[PDB]
């Protein structure tokens, strides 16, 4: 008995809706509804990084989408890494519209390990890594304005287990990420047990993730326990690129279990 479901996919830093193309295809092909979103200044979003210094505007595309969702319609919300922040806010704001939330190697802050804590730890693994660089559109007196992912950083830390053509796709598509202030992030993402915590949650681990160490990972899982943790072996950070079929079946299974 087929039950049509609605998957909503949220990308990580530098990326956009385009990174899910293999997953979007498998979904639409099986009869499910899927929405892959471009966050602020991501993918083909019209905004430029410098134009959106407020974290609020980076998340607006998902919040607007969440608000426009029809009555009584539930979705399986999936966030990849940094996208974890975006969906956490969506969970806190519209808990009743989310069947189950999935954190794919996602930043999963909780009441006992706030957003800024997770953002600082995350920042350390990206800033200064290989050829990644920052800009100073506001002068040396102020914090760097944006972060730009380098091709070597992508090939080594993110796409090391993915098809080489996927690496080429990424280099031609990744955009700068405005370096949002922790203070601003801390005010936008505030989670409570009664709302955020009432949403079924599952975390997916990428066994060969070289972008986000398992140390930091186990920390979030331990300090903000999900309803379940699943693994995907042989996957690098971008599971949707390196292990698409496995991620797809894992998502259908998760969808079925929490419907």
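Numbering follows the first chain given and starts at 1.
Once the C-alpha B-factors are averaged per stretch, 160 to 168 and 68 to 76 rank with 68 to 76 first.
The mean Cα B-factor in the deposited entry runs higher for 221 to 229 than for the other of 221 to 229 and 58 to 66. If you compare the C-alpha temperature factors of 127, 87, 100, 81 in the entry, 127 comes out highest.
Of the candidates 123, 151, 176, 144, the one whose C-alpha carries the top B factor in the deposited record is 123. When the modelled residues of the chain are ordered by their C-alpha B factor, residue 104 lands in the lowest third.
Per the deposited record, the Cα B-factor of residue 38 falls in the lowest third when ranked against the other modelled residues of its chain.
When all modelled residues of the chain are sorted by CA temperature factor, residue 212 is found within the highest third.
Ranked by Cα temperature factor within the chain, residue 26 sits in the lowest third according to the deposited record.
In this PDB entry, the Cα temperature factor of residue 3 sits in the top third of its chain's modelled residues, the highest group.
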